[PDB]
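Below: the structure, in structure tokens.
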Amino acid sequence: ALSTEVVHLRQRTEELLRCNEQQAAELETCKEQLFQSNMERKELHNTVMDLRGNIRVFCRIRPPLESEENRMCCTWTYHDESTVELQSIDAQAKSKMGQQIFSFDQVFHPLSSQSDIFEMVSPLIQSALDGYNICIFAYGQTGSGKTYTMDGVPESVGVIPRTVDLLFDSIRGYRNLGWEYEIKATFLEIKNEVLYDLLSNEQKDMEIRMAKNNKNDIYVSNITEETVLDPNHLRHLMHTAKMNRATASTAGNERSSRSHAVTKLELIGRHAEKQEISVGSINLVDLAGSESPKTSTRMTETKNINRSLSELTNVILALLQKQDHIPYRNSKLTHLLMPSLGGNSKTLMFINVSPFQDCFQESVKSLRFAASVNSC
Amino acid sequence: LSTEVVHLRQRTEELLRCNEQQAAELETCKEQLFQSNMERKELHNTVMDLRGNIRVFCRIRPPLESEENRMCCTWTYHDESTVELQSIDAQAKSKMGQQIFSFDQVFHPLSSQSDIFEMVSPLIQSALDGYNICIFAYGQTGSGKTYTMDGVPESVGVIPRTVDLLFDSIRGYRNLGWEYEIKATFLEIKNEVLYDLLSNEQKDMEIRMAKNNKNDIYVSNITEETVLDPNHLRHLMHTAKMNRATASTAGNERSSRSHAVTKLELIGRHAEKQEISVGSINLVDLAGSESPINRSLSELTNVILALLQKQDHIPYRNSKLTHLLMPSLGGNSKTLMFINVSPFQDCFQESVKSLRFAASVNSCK
Amino acid sequence: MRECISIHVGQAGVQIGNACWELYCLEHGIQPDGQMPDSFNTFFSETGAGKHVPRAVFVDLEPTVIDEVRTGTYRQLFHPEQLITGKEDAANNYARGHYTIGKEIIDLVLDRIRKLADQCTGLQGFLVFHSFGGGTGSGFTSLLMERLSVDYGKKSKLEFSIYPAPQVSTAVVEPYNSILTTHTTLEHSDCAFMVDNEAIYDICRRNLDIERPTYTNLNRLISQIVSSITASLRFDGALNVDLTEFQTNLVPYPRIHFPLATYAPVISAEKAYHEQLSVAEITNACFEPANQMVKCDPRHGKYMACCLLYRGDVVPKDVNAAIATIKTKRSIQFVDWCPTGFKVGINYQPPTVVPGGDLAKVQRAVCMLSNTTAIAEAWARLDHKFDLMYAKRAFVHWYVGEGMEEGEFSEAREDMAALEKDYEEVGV
Amino acid sequence: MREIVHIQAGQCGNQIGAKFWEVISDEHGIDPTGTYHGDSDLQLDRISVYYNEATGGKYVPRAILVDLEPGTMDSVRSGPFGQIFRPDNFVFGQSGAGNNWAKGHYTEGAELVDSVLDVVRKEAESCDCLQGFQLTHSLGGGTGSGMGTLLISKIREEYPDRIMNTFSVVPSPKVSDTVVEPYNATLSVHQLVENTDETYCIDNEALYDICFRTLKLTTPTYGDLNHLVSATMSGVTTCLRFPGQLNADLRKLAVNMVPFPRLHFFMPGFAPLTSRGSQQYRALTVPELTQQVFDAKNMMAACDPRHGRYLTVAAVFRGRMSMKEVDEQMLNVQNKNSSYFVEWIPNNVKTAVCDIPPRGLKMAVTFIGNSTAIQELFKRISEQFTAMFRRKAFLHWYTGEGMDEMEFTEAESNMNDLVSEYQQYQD
Ligand SMILES: Nc1nc2c(ncn2[C@@H]2O[C@H](COP(=O)(O)OP(=O)(O)OP(=O)(O)O)[C@@H](O)[C@H]2O)c(=O)[nH]1
Ligand SMILES: Nc1nc2c(ncn2[C@@H]2O[C@H](COP(=O)(O)OP(=O)(O)O)[C@@H](O)[C@H]2O)c(=O)[nH]1
Ligand SMILES: Nc1ncnc2c1ncn2[C@@H]1O[C@H](COP(=O)(O)OP(=O)(O)O)[C@@H](O)[C@H]1O
Ligand SMILES: [Mg+2]
């Protein structure tokens with residue numbers, strides 16, 4: 001069983017080599033087909049978004065507290081999942097303001113929790129993987145739930161942890177496609193119309209500057225750019241940035257609830273075999289308090305905040321009306337977000353509303369321009 | 001010599017190990033491919049839903065060489081989705097008001113078959129997703145409905161292009177583990193009597209709800225040829241148009257007043273997984289819309305208008321053609337409807353008769 | 001003495017008040033110094049010495065015009081601490097005058113008026129003169145008005161604001177100021193007498209036959225108006241009417257409180273000889289739309305109420321006859337639900353002509369305080385201009401950059417739309 | 001009392017400021033010494049806004065003189081009204097910009113900016129309520145551009161509340177006086193649109209046309225052009241320095257003129273411009289003043305207004321007049337030239353009747369129009385700039401000074417954005 005063993009082993013080697021050749025050919029074919037399917041679904045999903053959106057306005061109302069529910073609350077009429085009606089209880093308010101009905105992409109019930117958020121993030125992260133620059137806006141007044149929805153709580157995390165985990169599992173799955181994704185974490189604060197750094201305590205000078213490659217691409221000089229290596233690394237970075245942004249939010253309402261924190265995650269996917277590179281970035285940006293400036297103590301920067309908010313409103317409505325030029329350069333926040341606002345870039349617009357009477361004017365203000373955005 | 005034996009043993013071991021790991025990677029990639037393809041189909045049908053439901057299109061056709069001495073009308077084109085027609089009779093121009101109609105898309109006599117097939121082609125992919133698709137060509141006699149559907153060998157109609165795209169997509173998707181079978185039935189409805197277009201064996205033919213889906217319709221006694229390649233289906237269409245008994249030479253009332261129903265059922269199965277699809281393509285060539293039988297045409301119009309009205313009850317079983325397309329006019333399905341208009345003064349009233357149907361369609365949606 | 005005090009904000013307010021107070025001190029023979037070489041106690045807190053200080057509070061955010069009056073012939077007339085001045089003007093900003101300079105001087109001006117009120121025994125009401133396009137006259141005026149309504153509420157607050165002209169807007173940003181100040185003043189204003197520069201321009205053109213009219217002449221006219229208003233207090237008449245009866249007689253509803261003024265015998269001296277100036281004829285004249293002090297057509301709107309103030313040599317029989325005739329008129333429309341509104345203010349103190357003035361010496365004069373539907377279109381076009389500005393968000397950066405939100409702009413806009421809605425629904 | 005701080009950068013700016021200060025002193029009856037000798041106390045009443053008080057009844061202009069070569073300042077000091085300045089104010093380098101913006105904004109500016117900002121602060125704190133700064137310079141040269149932009153960027157970042165006035169002398173379209181003025185202008189406007197909030201664009205070609213044609217002048221010396229510009233500049237603030245029927249100020253018209261933060265470039269205009277001997281033939285009334293001040297023949301900028309639309313117009317008047325005329329004539333011109341006015345800003349005219357006319361004159365009008373015709377000028381400059389950019393003409397002189405070409409790309413893109421704004425609001 002030795003001489004015939006040589007022939008048997010030669011035949012076995014021939015068969016195994018044939019199987020190797022077939023599996024390699026079909027593996028190259030299936031890699032190519034997987035890439036083709038991925039780009040086909042990229043284009044299909046982007047067409048879906050453009051037909052249904054490309055400027056998405058989402059409205060959410062937080063549930064009142066057990067003591068604040070006994071506090072007077074307005075009647076909330078949900079005509080459907082897309083329209084919500086707010087009616088002030090006051091008779092004179094009813095007579096003068098009349099009916100306040102508003103149209104949005106989707107209306108959140110106070111008991112909707114964070115699930116609808118996740119199922120809107122899923123197409124959002126999907127489009128982020130398409131190589132598209134997507135920006136997120138957490139607009140609203142203080143205490144309306146903006147910090148509850150963005151950062152969240154240990155029992156129910158906000159949008160950011162869910163997005164981080166979804167992105168990490170997505171990139172680890174796409175590693176099976178030979179795609180190597182480099183993700184960059186950038187943190188900055190916009191106060192007094194001058195940029196600051198969240199990762200570095202030392203006081204440096206920022207200036208907005210278009211990137212070397214393209215005029216439309218923008219970066220900021222002298223920022224602390226961190227290469228994300230593991231999810232927990234990113235979580236620790238976000239914790240340090242949240243710790244660095246320590247100031248009065250509700251006790252004094254000094255700078256927090258009056259600042260513009262921009263969280264930009266620049267993702268650069270590379271695939272060496274086909275020498276194609278995908279570039280994208282997500283912008284988790286929370287807005288400042290939209291309240292009317294009444295503190296005579298530091299009213300100037302509140303007026304600047306109002307300027308910033310009004311300029312953002314002007315920019316978005318210019319986006320809607322197909323205006324030839326859109327005033328990106330009127331404000332720092334718009335100017336540094338111009339790549340994420342124009343062209344194929346897609347914006348989610350998130351608004352939080354307070355269910356009490358003192359925010360009736362502010363709730364109406366928050367709702368009216370967003371509904372106007374929905375109209376056009 | 002035993003050194004060669006040991007070397008071959010270690011080579012066999014390494015080759016089997018590499019083959020096993022490569023096969024595992026291969027199968028994982030195949031699973032990823034399937035999970036991507038299902039989402040692709042879902043996105044495609046989402047696009048179809050977002051684009052609309054009725055998909056109103058008008059296709060004005062140029063006059064022929066024998067129609068150069070006829071009197072045309074004033075076609076007022078607006079943008080690309082609105083069209084207006086006026087009679088050159090100045091006495092009746094002030095008596096007509098506003099004869100303007102806005103549809104989803106407008107086709108002018110300079111549009112080729114490719115322009116219509118651009119709109120039609122995604123519906124073939126949608127039908128590949130297990131959904132029923134309908135294509136309608138509506139108009140008076142001489143409008144151009146047969147040219148839209150059948151066409152000429154020079155400029156092929158919608159059906160040959162749909163078949164070619166269907167086979168291209170089937171052979172593209174063969175790598176995705178799915179196998180498809182094409183079932184073709186050719187049928188004609190003349191006076192509420194069903195006529196088989198692939199057999200001369202006249203029998204009794206009836207419509208019954210499907211044994212496995214009470215919302216689905218299967219027709220008894222119909223021959224169901226399994227299409228192997230585009231040549232086979234072309235031969236089937238050739239035999240059907242031979243069997244249609246085109247009496248245009250003597251007694252044109254037979255051909256130009258009969259609805260021609262072409263049904264193409266797509267079924268998709270997947271071994272090693274679960275997949276059930278019964279998506280079918282109903283390529284119906286409607287009869288003349290001239291006023292006087294018209295039971296089927298009026299019933300189709302009423303059913304479409306009620307469906308766009310979200311009516312509680314749809315009169316599906318009041319005509320042969322409506323009950324035939326009862327599973328093909330569901331809410332989840334996508335419907336296409338073309339209006340062919342003759343650009344002639346004598347056809348001006350028949351033109352507005354064909355156009356006010358869509359004018360009610362878009363005003364009701 | 002049911003005394004009243006007056007407030008003057010903005011360049012217009014101060015100029016108008018200058019003309020007014022010169023007219024007043026002319027009425028009672030008061031020298032510019034402040035001594036008469038009883039009646040006047042309503043407006044002059046005369047001290048032990050012959051120094052009849054007027055009860056006037058002049059406020060401005062820029063020192064120019066106030067300094068001028070501190071240099072004019074009336075510097076020693078006014079109490080030097082009355083004249084309050086800022087350092088920078090509101091520059092057409094409601095924002096500045098309501099948030100950034102207004103609260104920086106409002107404590108002082110409120111204190112001074114509190115002192116003045118404590119000085120008065122029987123507080124009658126408040127008079128404020130301002131504009132609408134004026135940044136101060138809008139922002140600061142609204143702030144002060146809501147502040148007073150907080151402080152007193154019960155007293156009478158009368159605005160003699162100047163409505164922006166329909167054809168000429170001296171300030172490009174007038175609609176913004178007007179809408180904002182109206183929204184913030186509606187609920188704190190008892191009754192706001194409106195007047196316009198274009199209309200009074202036409203008046204001095206075709207009636208005074210003055211070819212080059214200056215702001216001085218318009219101010220003379222407004223001074224005559226206010227003198228007629230206050231004659232019933234400063235003087236005794238057959239029927240005296242105080243400011244309190246105005247709210248009752250004129251406004252039917254809390255929001256509809258925008259009468260428009262009119263003054264009939266406005267002829268020049270040369271034409272004075274060709275007319276007898278009868279009661280009936282001047283009564284008819286005051287109803288002529290060409291004689292209104294606001295560029296609106298009373299002919300196109302029904303009247304809500306009419307208050308008529310007669311001064312000089314007048315007889316009640318004639319007044320009743322003329323009113324009856326006007327009741328018989330056809331072009332003079334009236335709403336049904338108030339079929340009798342003609343509260344009369346006959347008085348027998350003839351108006352006095354300022355030396356160097358343009359008016360003629362007339363035996364009898366009438367001032368008409370009409371309230372009518374014919375102002376709805378003025379609001380309509382103002383709102384239209386505001387919508388034009390706001391559609392392009394023009395100039396909004398100045399306002400949101402100094403205290404407010406564009407949401408607040410929308411609030412004021414919809415509030416005005418509701419006002420017009422209520423106004424027309426009352427009209428039917 | 002809303003005092004104003006005057007800065008003069010570049011030799012052009014210095015000469016213009018010399019003319020401006022002499023005409024102002026003429027207005028207030030100030031001798032070269034500084035001893036007042038006028039008669040109207042109104043001169044004293046607001047004398048503070050431009051003059052600091054000095055011991056012994058003298059007055060000194062609240063002015064700062066900046067340059068990088070001494071010669072111009074030596075001429076000024078030697079010239080009449082030279083001693084009027086407080087000598088400490090003359091701040092100057094020794095090198096000279098050499099018509100290079102890069103030097104005057106990165107090296108000589110770097111070394112002199114503190115030595116001037118100190119005296120800037122010293123003057124600022126010597127004021128009761130600071131109103132704003134007026135900067136006089138030119139966009140063509142080196143120091144008046146680089147230094148000017150540097151000073152603007154400095155002043156803005158620690159005086160954000162105040163207002164900035166820049167009477168930039170915009171480069172001429174045809175008679176170019178500098179082979180590289182495209183680079184200077186493009187780099188300057190990049191800073192200008194960010195920090196200042198009202199800019200008076202002036203062109204020498206337009207002023208040549210004015211003096212030669214309307215004034216029938218044959219020897220258009222720079223003295224005359226500077227005299228014209230100075231008259232306009234004094235007319236801008238006479239409402240601030242003097243009483244009137246509608247007292248305006250820089251704050252007043254600042255908000256009126258600019259609908260949007262970036263669109264703050266204006267075309268001045270001065271009405272009564274009778275020639276040497278034609279004053280006899282012409283009556284001087286409001287109609288003439290208005291019709292003259294609304295002629296493309298009379299704009300100090302070289303843009304034809306008829307090519308665009310007036311976004312906003314301000315009309316400041318001096319002298320004794322009845323505002324009825326001015327109201328009706330503004331209405332009239334608004335009606336006739338409705339094509340020339342933007343539709344969505346009704347009644348886009350601002351009026352500021354003052355009282356005191358310029359000496360030797362009875363009525364005077366200053367025009368400030370924020371028309372869209374400026375976009376043609378900016379297009380011309382952008383075309384000239386990009387014409388000599390990709391050939392890198394003269395680029396080395398800048399690049400070796402410590403700047404990168406992407407800075408040129410930045411400035412060019414920004415100015416193109418300005419052009420986009422103007423052409424967009426044209427409709
Ligand atoms: N009838 C009359 N109206 C005047 C007179 N003077 C000014 N006005 C009007 O009053 C307004 C004057 O503006 P102000 O109220 O003083 O505003 P301001 O105090 O300067 O603050 P800003 O508006 O921001 O400049 C203008 O709109 C004129 O139309 C006057 O003498 N008589
Ligand atoms: N109106 C006026 N313009 C001048 C005068 N002198 C120079 N200019 C202009 O200023 C520009 C020269 O730039 P400039 O600032 O003087 O050079 P720099 O001082 O070295 O930066 C040229 O375009 C001249 O047209 C002057 O006396 N009057
Ligand atoms: N776009 C076109 N170009 C040329 N010929 C056309 C066109 N459309 C229709 N025809 C002519 O119309 C005939 C088809 O008849 P058709 O009008 O479709 O019958 P029906 O009245 O049933 O619609 C063909 O013979 C063809 O010559
Ligand atoms: Mg046919």
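Following the order of the structure tokens, first chain is A, next is B, and so on, with residues numbered from 1 inside each chain and ligands from 1 in the order they appear.
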Contact set, chain A to chain C: 8 Å, only C-alpha atoms, as an MDAnalysis selection string: chainID A and resid 96:97 292:293 299:300 302:304 306:307 310 314 362 365:366
Grab the residues selected above and save them as a PDB file, in the first residue's frame with N, CA, C and O atoms.
```
ATOM      1  N   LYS A  96     -56.405  84.332  20.628  1.00  0.00           N
ATOM      2  CA  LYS A  96     -55.459  85.072  19.798  1.00  0.00           C
ATOM      3  C   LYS A  96     -54.633  84.159  18.897  1.00  0.00           C
ATOM      4  O   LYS A  96     -54.572  84.378  17.683  1.00  0.00           O
ATOM      5  N   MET A  97     -53.998  83.132  19.465  1.00  0.00           N
ATOM      6  CA  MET A  97     -53.183  82.237  18.654  1.00  0.00           C
ATOM      7  C   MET A  97     -54.031  81.282  17.826  1.00  0.00           C
ATOM      8  O   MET A  97     -53.578  80.810  16.778  1.00  0.00           O
ATOM      9  N   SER A 292     -35.825  83.254  24.890  1.00  0.00           N
ATOM     10  CA  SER A 292     -35.642  84.685  24.720  1.00  0.00           C
ATOM     11  C   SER A 292     -34.642  85.199  25.749  1.00  0.00           C
ATOM     12  O   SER A 292     -34.749  84.857  26.935  1.00  0.00           O
ATOM     13  N   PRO A 293     -33.671  86.008  25.350  1.00  0.00           N
ATOM     14  CA  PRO A 293     -32.679  86.482  26.319  1.00  0.00           C
ATOM     15  C   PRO A 293     -33.283  87.467  27.300  1.00  0.00           C
ATOM     16  O   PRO A 293     -33.722  88.561  26.927  1.00  0.00           O
ATOM     17  N   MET A 299     -26.246  89.241  28.459  1.00  0.00           N
ATOM     18  CA  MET A 299     -27.159  89.199  27.326  1.00  0.00           C
ATOM     19  C   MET A 299     -26.438  89.213  25.983  1.00  0.00           C
ATOM     20  O   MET A 299     -27.025  88.800  24.981  1.00  0.00           O
ATOM     21  N   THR A 300     -25.189  89.680  25.935  1.00  0.00           N
ATOM     22  CA  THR A 300     -24.504  89.843  24.654  1.00  0.00           C
ATOM     23  C   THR A 300     -24.289  88.503  23.960  1.00  0.00           C
ATOM     24  O   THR A 300     -24.624  88.339  22.782  1.00  0.00           O
ATOM     25  N   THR A 302     -25.872  85.784  24.563  1.00  0.00           N
ATOM     26  CA  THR A 302     -27.190  85.257  24.230  1.00  0.00           C
ATOM     27  C   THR A 302     -27.698  85.835  22.916  1.00  0.00           C
ATOM     28  O   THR A 302     -28.313  85.123  22.114  1.00  0.00           O
ATOM     29  N   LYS A 303     -27.451  87.123  22.683  1.00  0.00           N
ATOM     30  CA  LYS A 303     -27.778  87.718  21.393  1.00  0.00           C
ATOM     31  C   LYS A 303     -26.962  87.075  20.281  1.00  0.00           C
ATOM     32  O   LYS A 303     -27.462  86.858  19.175  1.00  0.00           O
ATOM     33  N   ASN A 304     -25.694  86.773  20.558  1.00  0.00           N
ATOM     34  CA  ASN A 304     -24.880  86.059  19.580  1.00  0.00           C
ATOM     35  C   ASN A 304     -25.438  84.669  19.303  1.00  0.00           C
ATOM     36  O   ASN A 304     -25.429  84.212  18.153  1.00  0.00           O
ATOM     37  N   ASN A 306     -28.575  83.846  19.541  1.00  0.00           N
ATOM     38  CA  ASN A 306     -29.747  84.085  18.713  1.00  0.00           C
ATOM     39  C   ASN A 306     -29.347  84.357  17.268  1.00  0.00           C
ATOM     40  O   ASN A 306     -30.017  83.901  16.336  1.00  0.00           O
ATOM     41  N   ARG A 307     -28.250  85.089  17.066  1.00  0.00           N
ATOM     42  CA  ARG A 307     -27.728  85.280  15.717  1.00  0.00           C
ATOM     43  C   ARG A 307     -27.392  83.945  15.076  1.00  0.00           C
ATOM     44  O   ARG A 307     -27.734  83.693  13.916  1.00  0.00           O
ATOM     45  N   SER A 310     -30.629  82.057  14.206  1.00  0.00           N
ATOM     46  CA  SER A 310     -31.309  82.663  13.070  1.00  0.00           C
ATOM     47  C   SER A 310     -30.563  82.382  11.775  1.00  0.00           C
ATOM     48  O   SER A 310     -31.181  82.131  10.734  1.00  0.00           O
ATOM     49  N   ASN A 314     -31.896  80.489   8.477  1.00  0.00           N
ATOM     50  CA  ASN A 314     -31.795  81.061   7.142  1.00  0.00           C
ATOM     51  C   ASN A 314     -31.104  80.094   6.193  1.00  0.00           C
ATOM     52  O   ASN A 314     -31.530  79.923   5.044  1.00  0.00           O
ATOM     53  N   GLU A 362     -42.231  79.420  23.293  1.00  0.00           N
ATOM     54  CA  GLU A 362     -41.018  78.799  22.777  1.00  0.00           C
ATOM     55  C   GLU A 362     -41.328  77.504  22.041  1.00  0.00           C
ATOM     56  O   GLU A 362     -40.697  77.198  21.023  1.00  0.00           O
ATOM     57  N   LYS A 365     -42.646  78.614  18.710  1.00  0.00           N
ATOM     58  CA  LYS A 365     -41.541  79.089  17.888  1.00  0.00           C
ATOM     59  C   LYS A 365     -40.759  77.915  17.319  1.00  0.00           C
ATOM     60  O   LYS A 365     -40.496  77.853  16.113  1.00  0.00           O
ATOM     61  N   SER A 366     -40.437  76.938  18.170  1.00  0.00           N
ATOM     62  CA  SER A 366     -39.700  75.767  17.721  1.00  0.00           C
ATOM     63  C   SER A 366     -40.459  75.025  16.632  1.00  0.00           C
ATOM     64  O   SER A 366     -39.863  74.546  15.662  1.00  0.00           O
TER      65      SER A 366
END
```
Got a sec: who's within 12 Å of residue 233 of chain B, counting only C-alpha atoms, leaving out chain neighbours fewer than 2 positions off, as number ranges by chain? B: 159-164, 166-167, 182-186, 198, 224-231, 235-240, 262-264
Residues just named, written with N, CA and C atoms as a short mmCIF file (atom, residue, chain, number, x, y, z; two decimals), in the first residue's frame:
```cif
data_model
loop_
_atom_site.label_atom_id
_atom_site.label_comp_id
_atom_site.auth_asym_id
_atom_site.auth_seq_id
_atom_site.Cartn_x
_atom_site.Cartn_y
_atom_site.Cartn_z
N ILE B 159 -43.05 44.64 -24.20
CA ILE B 159 -42.94 43.23 -23.81
C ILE B 159 -41.58 42.62 -24.14
N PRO B 160 -41.05 42.75 -25.36
CA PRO B 160 -39.73 42.14 -25.62
C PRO B 160 -38.63 42.69 -24.74
N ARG B 161 -38.64 44.00 -24.49
CA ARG B 161 -37.62 44.60 -23.63
C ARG B 161 -37.76 44.11 -22.20
N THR B 162 -39.00 43.98 -21.72
CA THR B 162 -39.22 43.44 -20.38
C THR B 162 -38.71 42.01 -20.28
N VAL B 163 -38.95 41.20 -21.32
CA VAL B 163 -38.47 39.82 -21.31
C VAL B 163 -36.95 39.77 -21.30
N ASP B 164 -36.31 40.61 -22.13
CA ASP B 164 -34.85 40.63 -22.18
C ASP B 164 -34.26 41.04 -20.84
N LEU B 166 -35.73 40.79 -17.97
CA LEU B 166 -36.05 39.73 -17.02
C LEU B 166 -35.03 38.61 -17.08
N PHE B 167 -34.66 38.18 -18.29
CA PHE B 167 -33.69 37.10 -18.42
C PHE B 167 -32.30 37.55 -18.00
N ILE B 182 -40.38 30.96 -15.31
CA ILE B 182 -41.25 31.90 -16.01
C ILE B 182 -42.47 31.15 -16.51
N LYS B 183 -43.65 31.59 -16.09
CA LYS B 183 -44.92 31.02 -16.53
C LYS B 183 -45.65 32.07 -17.35
N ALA B 184 -45.91 31.74 -18.62
CA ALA B 184 -46.52 32.67 -19.56
C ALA B 184 -47.89 32.17 -19.97
N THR B 185 -48.91 33.01 -19.80
CA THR B 185 -50.26 32.72 -20.26
C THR B 185 -50.74 33.86 -21.14
N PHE B 186 -51.19 33.54 -22.34
CA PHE B 186 -51.71 34.54 -23.28
C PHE B 186 -53.22 34.36 -23.41
N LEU B 198 -52.89 30.52 -26.96
CA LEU B 198 -51.85 29.56 -27.29
C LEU B 198 -52.40 28.20 -27.70
N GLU B 224 -49.99 26.83 -19.59
CA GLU B 224 -48.95 27.57 -18.87
C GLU B 224 -47.60 27.06 -19.36
N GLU B 225 -47.10 27.67 -20.43
CA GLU B 225 -45.81 27.28 -20.99
C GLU B 225 -44.68 27.84 -20.13
N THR B 226 -43.72 26.98 -19.80
CA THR B 226 -42.54 27.40 -19.04
C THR B 226 -41.51 27.96 -20.01
N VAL B 227 -41.22 29.25 -19.89
CA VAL B 227 -40.30 29.92 -20.81
C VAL B 227 -38.87 29.54 -20.44
N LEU B 228 -38.11 29.07 -21.44
CA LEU B 228 -36.72 28.71 -21.23
C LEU B 228 -35.76 29.84 -21.59
N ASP B 229 -36.03 30.56 -22.67
CA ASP B 229 -35.15 31.62 -23.14
C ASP B 229 -35.99 32.64 -23.90
N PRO B 230 -35.45 33.83 -24.17
CA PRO B 230 -36.23 34.83 -24.91
C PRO B 230 -36.74 34.35 -26.26
N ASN B 231 -36.01 33.45 -26.92
CA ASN B 231 -36.49 32.90 -28.19
C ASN B 231 -37.78 32.11 -27.99
N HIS B 235 -41.35 33.03 -29.67
CA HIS B 235 -42.15 32.08 -30.44
C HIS B 235 -43.56 31.96 -29.87
N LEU B 236 -43.69 31.97 -28.55
CA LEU B 236 -45.02 31.93 -27.93
C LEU B 236 -45.84 33.16 -28.30
N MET B 237 -45.22 34.34 -28.29
CA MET B 237 -45.92 35.55 -28.70
C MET B 237 -46.29 35.51 -30.18
N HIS B 238 -45.40 34.97 -31.01
CA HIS B 238 -45.69 34.83 -32.44
C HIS B 238 -46.91 33.94 -32.65
N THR B 239 -46.95 32.80 -31.95
CA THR B 239 -48.10 31.91 -32.05
C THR B 239 -49.36 32.56 -31.50
N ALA B 240 -49.24 33.35 -30.43
CA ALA B 240 -50.41 34.01 -29.87
C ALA B 240 -50.98 35.05 -30.82
N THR B 262 -51.73 39.62 -21.33
CA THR B 262 -50.49 38.85 -21.31
C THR B 262 -50.00 38.80 -19.87
N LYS B 263 -50.02 37.61 -19.28
CA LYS B 263 -49.63 37.41 -17.89
C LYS B 263 -48.31 36.65 -17.84
N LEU B 264 -47.36 37.16 -17.06
CA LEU B 264 -46.03 36.57 -16.93
C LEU B 264 -45.76 36.38 -15.44
#
```
Secondary structure check, strand (DSSP E) residues of segment 61-281 of chain D, as a VMD selection string: chain D and resid 61 63 to 67 90 to 92 130 to 136 163 to 167 198 to 200 265 to 270
Could you list, as a list in words, all protein and nucleic acid residues with an atom at most 6 Å from ligand 2, counting only C-alpha atoms and all ligand atoms? residues 10, 11, 12, 15, 16, 97, 98, 99, 138, 140, 141, 142, 143, 144, 145, 171, 177, 222, 225 and 226 of chain D
Can you write out as a Markdown table which residues of chain D fall within 8 Å of ligand 1, alongside each residue's closest atom pair and its distance in Å to one decimal, counting only C-alpha atoms and all ligand atoms and ordering rows by chain and ascending residue number?
```
| residue | atom | partner | partner_atom_place_in_ligand_line | distance |
| --- | --- | --- | --- | --- |
| D:245 | CA | ligand 1 | 6 (N) | 6.1 |
| D:246 | CA | ligand 1 | 7 (C) | 6.0 |
| D:247 | CA | ligand 1 | 20 (O) | 7.0 |
| D:248 | CA | ligand 1 | 25 (O) | 6.6 |
| D:252 | CA | ligand 1 | 25 (O) | 5.4 |
```
Emit the selected residues as a compact mmCIF listing (two decimals), in the first residue's frame, including N, CA and C atoms.
```txt
# COMPACT_ATOMS: atom_id res chain seq x y z
N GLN D 245 -33.23 118.27 12.13
CA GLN D 245 -34.60 117.79 12.25
C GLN D 245 -34.63 116.29 12.49
N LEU D 246 -33.79 115.54 11.78
CA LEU D 246 -33.64 114.10 12.02
C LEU D 246 -32.17 113.82 12.26
N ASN D 247 -31.74 113.98 13.50
CA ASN D 247 -30.36 113.67 13.86
C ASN D 247 -30.12 112.19 13.65
N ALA D 248 -29.21 111.85 12.76
CA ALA D 248 -28.75 110.48 12.61
C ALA D 248 -27.32 110.36 13.12
N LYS D 252 -27.15 104.94 13.45
CA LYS D 252 -28.45 105.09 12.83
C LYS D 252 -28.47 104.50 11.44
```
Give me the residues within 12 Å of residue 235 of chain D as a ChimeraX atom specification, counting only C-alpha atoms and dropping any in the same chain fewer than 2 places off. /D:20,23-24,27,228-233,237-242,248-250,268-271,314-319,352-359,363-368
